[PDB]
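Okay, structure first, notes after.
Read-outs: derived from the displayed coordinates by stated rules, not from any lab. All Cβ positions, even for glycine, are placed from backbone atoms using ideal geometry, and neighbour counts span all protein chains on display.
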Amino acid sequence: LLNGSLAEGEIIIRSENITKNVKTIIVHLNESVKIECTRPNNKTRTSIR
Amino acid sequence: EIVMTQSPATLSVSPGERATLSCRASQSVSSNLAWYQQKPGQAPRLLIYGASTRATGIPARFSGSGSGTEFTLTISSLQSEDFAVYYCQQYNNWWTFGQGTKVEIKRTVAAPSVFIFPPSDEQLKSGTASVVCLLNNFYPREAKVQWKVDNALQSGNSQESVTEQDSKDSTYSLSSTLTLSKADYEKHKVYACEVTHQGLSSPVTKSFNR
Amino acid sequence: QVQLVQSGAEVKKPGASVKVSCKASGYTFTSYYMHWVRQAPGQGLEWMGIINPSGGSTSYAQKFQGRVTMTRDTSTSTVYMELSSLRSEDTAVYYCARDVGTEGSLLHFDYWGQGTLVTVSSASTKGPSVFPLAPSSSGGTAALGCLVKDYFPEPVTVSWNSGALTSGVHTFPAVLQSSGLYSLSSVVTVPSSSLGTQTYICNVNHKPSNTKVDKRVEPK
């Protein structure tokens, strides 16, 4: 999950409480981790009419 | 691992009477038990879900109640169409099933007619021998059949096949064999089928001298 | 109009692979999870695995881990299961079924396919060897019959007097012996007044091997 808000306190894990056979576990962090990405090559754009 | 078991393995019910079956778990699966009905020869259907809620399309005669580690299924006025295999399933953890139980029709207990067919000419010409013991209309489906050769007992060399309960007369048929080569058949003179039943005051033996 | 459709399968040699599948409709394919289960005659039920046709990923019981794989195709509304390294232990009827819940967690279901068989055997094929069974000679009643051995694969269909004798007849299921081949047992109970005075015919059609065999019985 990226660019979103952070949890006010500690990490909160949200889940369903009926059965343990669940589809999604959502982990909401209280601190962000920065990720840096790049595509290092340089492309020329062309155009075909 | 969720461990589920069931009891009795076989229930005997007089049609028109209510019937009960139960399931037990080693863990807590309290939020979600379910029961299924299996027809011989066909895919099963859901009867009870959410522990005690009837599945859509299920008649009011089908019910049950429980929680935690124990639950009982009840069918009011059990009808002939309701004799089936029933199973328990748990949804609180990775899905597992119990072994399952079956309900059989209760009938008057009685001994079978007992017949013997010594090996015929064609199987003996072919090189084998199979002595056939036929038991007709014994009830319940629980009996002992053993084979003798010149009064000696044999084991490890026999076959047995039993039919499904007859939906019309609630009865059974049993067929079993004494198996050996024609060469072994020729080693003895009297072949016999001896049977013991709760419907018999004494053992019944049929035999043939070859 | 929710329906599930399955294809059948042959008998494979040990070490062979099998592919089975299930088509389904009456509900959007990508809106629900599908399950595969297994049961063998005389045994209980086991869960094998789950596939999410929306994407998607799979999860399997450790029991089949490394032998079972699953795929999906959203353009045909189908799911496929494949089993490698088959053994006789896997002789079973396989089922495919639709799950329940879109809300966040899964429970269980009421829409099951018919069941498809997969068998595994070292045996190739055999026609039946059929022998008559009859008493030597009243007794009031007696049964006449037939014994069929060493056929493969099953079923073999038995009838009496070419379809004319439909009552008093008792049949047993196909049974395997140590040879890996199957046997059949069939008898008909008749009054002695209709036996010492008549003859009866056991007719067995082994459709899978394209052959038919029959034998005559009387209380010799």
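Entry note, the protein assembly as shown: the mean residue ellipticity at 222 nm calculated from DSSP H runs of n ≥ 4, each adding -39500 (n - 2.57), is -500 deg cm²/dmol after division by the residues and rounding to the nearest 500. Charge tally for residue A:30 (other residues, Cβ to Cβ under 12 Å; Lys, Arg +1; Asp, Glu -1): -3.
Inter-chain Cβ neighbour count for B:120-129, averaged per residue, equals 4 (cutoff 10 Å, partner chain atoms only). For trypsin sites (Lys or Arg not before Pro), the sites in the range B:129-176 that DSSP calls loop and that have at most 12 other Cβ atoms within 10 Å are B:168. Each peptide among B:122-130, B:87-95, C:172-180 gets the average number of other Cβ atoms lying within 10 Å of its residues, and from highest to lowest they stand as B:87-95, B:122-130, C:172-180.
In chain C, one over the average inverse separation of all distinct C-alpha pairs is 20.5 Å, which is the Kirkwood hydrodynamic radius. When the Gaussian network model of chain B links Cα atoms closer than 10 Å, the mean-square fluctuations of B:137, B:32, B:151 top out at B:151. Checking the table B:39/B:106; B:106/B:148; B:182/C:149; C:13/C:215 against a 24 Å threshold on Cα-Cα, which pairs fail? Correct reply: B:106/B:148; C:13/C:215.
Take each residue in C:100-107, count the other chain C-beta atoms within 10 Å of its C-beta, and the mean is 6.
Computed over neighbours whose Cβ is under 10 Å from that of residue C:205, the net charge equals +1, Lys and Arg +1, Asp and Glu -1. Computed from phi, the 3J(HN,Hα) profile of the range B:99-112 under the Karplus parametrisation 6.51, -1.76, 1.60 (θ = phi - 60°) reads 5, x, 10, 10, 10, 10, 7, 6, 9, 4, 7, 7, 5, x Hz, with x in place of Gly and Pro. Each residue, residue B:67 and residue B:52, gets one label point 7 Å from its Cα in the Cβ direction; the gap between the two is 0.9 nm.
Under 5 Å between amide hydrogens, built in the peptide plane, is the criterion, and for residue A:20 it picks out B:93 among residues at least 5 positions away or on other chains.
The mean number of Cβ atoms from other chains found within 10 Å of a Cβ in peptide C:172-178 is 3, as a whole number.
Dipole size of the protein assembly as shown about its Cα centre, with +1 on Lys/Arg Cβ and -1 on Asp/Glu Cβ: approximately 1000 debye, rounded to the nearest 20. Residue C:125 sits among other residues whose Cβ lies under 14 Å from its own Cβ, and their net charge, with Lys and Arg +1 and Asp and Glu -1, is +1.
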